[PDB]
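Every heavy atom of this structure was used, including side-chain atoms; hydrogens, water molecules and symmetry mates were not. Each residue takes its place number in the sequence, starting with 1.
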Amino acid sequence: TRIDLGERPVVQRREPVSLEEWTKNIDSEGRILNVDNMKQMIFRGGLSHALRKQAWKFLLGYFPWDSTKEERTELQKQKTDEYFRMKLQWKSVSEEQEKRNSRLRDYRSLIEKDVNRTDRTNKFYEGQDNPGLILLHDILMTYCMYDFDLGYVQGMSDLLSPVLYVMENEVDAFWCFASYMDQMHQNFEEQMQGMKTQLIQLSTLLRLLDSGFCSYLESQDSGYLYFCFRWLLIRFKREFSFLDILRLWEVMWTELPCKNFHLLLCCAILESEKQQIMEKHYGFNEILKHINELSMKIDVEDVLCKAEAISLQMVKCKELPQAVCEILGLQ
């Protein structure tokens, strides 16, 4: 016996924010007028392709919302200088230095490995002669100079590639990736807490939604949800088309409707596959295969709707447990 969530609302989404709608909210000083409203619009509709390059800078934290234009143009000047200063640090490393730096050449081999593996049918990264791959490589090496303790960990190029695609500039892509890595950091740490914390948080959400399904997974030894690992590490990057991911991440970065919205996206997908898994009586292996084969077969708009529908239903609940309250950011 547990919580009655009540009925699930139906969610309606809106058209993406146009370049024109954006420019209207900018004053003469280049400040943004209604932030909360713009965030609501970006969450509700996403961003038009033309608006994507400027607005992501604000979404990712590269440009502060309260900034003016002169503060931004001043910021880019410092960030350009700060970037190439760090790029020079690894680029001036000699063969002799590499022999004696084990951590550095380890990072480099991991980078070269993932880069060749990243988005190779995309126009930006296609072909072995593509400048885009060099940019991927360079930005990732420079991030090793920026954060040497973390360096490069597998899956970080999957996070960078859409950011590099949108920004197209080496300096801009780095600092956007840099702020993106700040929130994504504990995913790639040595003993990784925050992958474990997210899996714990995720199961907590599911036990509230359908506890029968959770009891099922425990019987199938799927109780710790390792099949959700790929989802959480790279934020669904492998489950969606490149264009779909752009829209998916735009919406997430608004930080609306609640905290850890990406966990509810997991719930959204998981409730759609809930019946097939239980009927066909899938075990841990069949579940992992079923979810991996679910790639590219998921509609973004449908999932964003269900995920928000769920959050609305949880926040409204007076009997909602405190553990979930913390996860959704109500505390």
Taking every heavy atom of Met314 against every heavy atom of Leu328, the minimum-distance pair comes out as CB-CD1, 3.8 Å

Kindly indicate whether the side chain of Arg247, heavy atoms from C-beta on, has any atom under 4.5 Å from the side chain of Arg52.
-> yes

Kindly check if the number of other-residue, nucleotide or ligand heavy atoms within 6.0 Å of NE2 (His49) is above 12?
-> no

Within the side chain of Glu250, is there an N or O that forms a donor-acceptor pair under 3.5 Å with the backbone of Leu47?
-> yes

How far does NZ of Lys91 sit from CG of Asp138, to the nearest 0.5 angstrom?
-> 5.0 Å

N-O pairing of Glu308 and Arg13 below 4.0 Å = no

Is there a side-chain contact between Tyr165 and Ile245, using heavy atoms and a 4.5 Å cut-off?
-> no

Is it the case that more than 12 heavy atoms not belonging to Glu255 sit under 6.0 Å from its CD atom?
-> no

Passes side-chain contact (heavy atoms from CB on, under 4.5 Å), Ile3 versus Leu320? Steps please.
-> CA-CA 7 Å; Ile3 284 95; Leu320 183 65; over 6 Å; no

For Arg120 and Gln128, run side chain to side chain donor-acceptor pair (under 3.5 Å): C-alpha distance rounded to whole Å, both residues' side-chain angles, the deciding distance at 0.1 Å, then the answer.
-> CA-CA 9 Å; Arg120 303 299 252 116; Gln128 207 60 22; 2.3 Å; yes

Within a radius of less than 6.0 Å around CD of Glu70, do more than 12 heavy atoms belonging to other residues, nucleotides or ligands occur?
-> no

In plain terms, say whether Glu21 and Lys24 are close enough for a salt bridge, that is, a side-chain N and a carboxylate O under 4.0 Å apart.
-> no

Could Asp119 and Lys237 be called an ion pair, given the rule that one side-chain N must be under 4.0 Å from one carboxylate O?
-> yes

CA sep, side-chain torsions, deciding dist, call: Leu110, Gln154, side-chain contact (heavy atoms from CB on, under 4.5 Å) = CA-CA 7 Å; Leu110 290 178; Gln154 183 179 298; 6.0 Å; no

Rounded distance (nearest 0.5 Å) linking atom CD of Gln76 with atom CG of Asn169 = 8.0 Å

If we only count heavy atoms from C-beta on, is the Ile139 to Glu170 side-chain gap below 4.5 Å?
-> yes

Answer whether the closest heavy-atom distance between the side chains of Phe188 and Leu150 falls below 4.5 Å.
-> yes

Quick one: are the ring centres of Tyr226 and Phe284 less than 6.0 Å apart?
-> no

Note: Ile42 and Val17 closest approach over all heavy atoms is N-CG2, 4.0 Å

Would you say the side-chain atoms of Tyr107 pair up with the backbone N or O of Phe148, donor to acceptor, closer than 3.5 Å?
-> yes

Distance-only, no hydrogens or angles: does the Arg105 side chain make a donor-acceptor pair with backbone N or O of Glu98 under 3.5 Å?
-> yes

State whether the number of non-hydrogen atoms from other residues, nucleotides or ligands found under 6.0 Å of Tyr224 atom OH is greater than 12.
-> no

Ring centres under 6.0 angstrom apart (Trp249, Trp56) | no

Chi angles and distances behind the side-chain contact (heavy atoms from CB on, under 4.5 Å) call for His185, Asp147 = CA-CA 11 Å; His185 210 273; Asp147 193 334; 2.8 Å; yes

So, does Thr23 use its side chain to make a donor-acceptor pair with the main chain of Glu20 at under 3.5 Å?
-> yes

When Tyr146 is tested against each of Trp90, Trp175, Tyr83 for ring pair (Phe, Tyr, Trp, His ring centres under 6.0 Å), which residue passes?
-> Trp175

Sub-3.5 Å donor-acceptor pair from the side chain of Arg72 to the main-chain atoms of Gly30, do we have one?
-> yes

With a 4.5 Å limit on heavy-atom distance, are the side chains of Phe177 and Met156 in contact?
-> yes

Among the clusters formed by ILVMFWY side chains lying less than 4.5 Å apart, do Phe240 and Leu294 turn up in the same one?
-> yes

Say whether, by atom type as modelled, one donor and one acceptor occur between the side chain of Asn25 and the main chain of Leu33 under 3.5 angstrom.
-> no

In sequence, state the C-alpha distance, the side-chain angles, and the governing distance for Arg31 and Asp66, and then conclude on side-chain contact (heavy atoms from CB on, under 4.5 Å).
-> CA-CA 6 Å; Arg31 205 172 179 270; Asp66 48 332; 3.6 Å; yes

Least distance between heavy atoms, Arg8 atom then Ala309 atom | CG-CB, 3.6 Å

Do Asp302 and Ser272 come within less than 4.5 Å of each other through their side chains, counting heavy atoms only?
-> no

Here the gap from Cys214 atom SG to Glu218 atom CD, rounded to the nearest 0.5 Å, amounts to 6.5 Å

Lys297 and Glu273 ion-paired at < 4.0 Å | no

If two hydrophobic side chains count as joined below 4.5 Å and joins carry through other members, does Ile200 share a cluster with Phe261?
-> no

Got a second to check how far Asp81's CG is from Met86's CE, nearest 0.5 Å?
-> 10.0 Å

Are the charged groups of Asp106 and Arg103 less than 4.0 angstrom apart, N to O?
-> no

Does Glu82 pair with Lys79 as a salt bridge, N-O distance under 4.0 Å?
-> yes

Which value, rounded to the nearest 0.5 Å, describes the distance between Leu217 atom CG and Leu270 atom CG?
-> 7.0 Å

Under 3.5 Å side-chain donor-acceptor pair for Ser157 and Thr118 = yes

Is the count of non-hydrogen atoms from other residues, nucleotides or ligands lying under 6.0 Å from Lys280 atom NZ greater than 12?
-> no

Under the 3.5 angstrom rule, does the side chain of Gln313 hit a backbone N or O of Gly6 as a donor-acceptor pair?
-> yes

What are the two closest heavy atoms between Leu159 and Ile234, and how far apart are they?
-> CD2-O, 3.7 Å

Under the 3.5 angstrom rule, does the side chain of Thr197 hit a backbone N or O of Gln193 as a donor-acceptor pair?
-> no

Closest heavy-atom contact between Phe58 and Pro64?
-> CE2-O, 3.4 Å

Salt bridge between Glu126 and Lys123, side-chain N to carboxylate O under 4.0 Å?
-> no

Answer yes if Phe84 and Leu88 sit in the same cluster of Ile, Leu, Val, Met, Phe, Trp and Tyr residues linked by side chain heavy atoms under 4.5 Å apart, and no otherwise.
-> no

Distance-only side-chain donor-acceptor flag, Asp114 / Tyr152, under 3.5 Å | yes

Side-chain contact test, heavy atoms from C-beta onward, threshold under 4.5 Å: evaluate it for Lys259 versus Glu326 and give yes or no.
-> no

Under 3.5 Å, side chain of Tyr180 to main-chain N/O of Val163, donor-acceptor pair present?
-> no

Looking at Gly151 and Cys144, what are the two nearest heavy atoms and their distance?
-> C-SG, 3.6 Å

Is there a donor-acceptor pair closer than 3.5 Å between any side-chain N or O of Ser48 and the backbone N or O of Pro16?
-> no

hydrophobic_cluster_shared for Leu264 and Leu312, side chain cutoff 4.5 Å | no

Indicate yes or no: at least one non-hydrogen side-chain atom of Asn101 is less than 4.5 angstrom from one of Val93.
-> no

CZ-CE distance between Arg14 and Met41, expressed to the nearest 0.5 angstrom | 9.5 Å

Do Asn260 and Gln198 meet the criterion of a side-chain donor-acceptor pair at a distance under 3.5 Å?
-> no

Output all residues satisfying salt bridge (charged side-chain N to carboxylate O under 4.0 Å, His left out) with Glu168, sequence neighbours left out; order by chain, then residue number.
-> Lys53

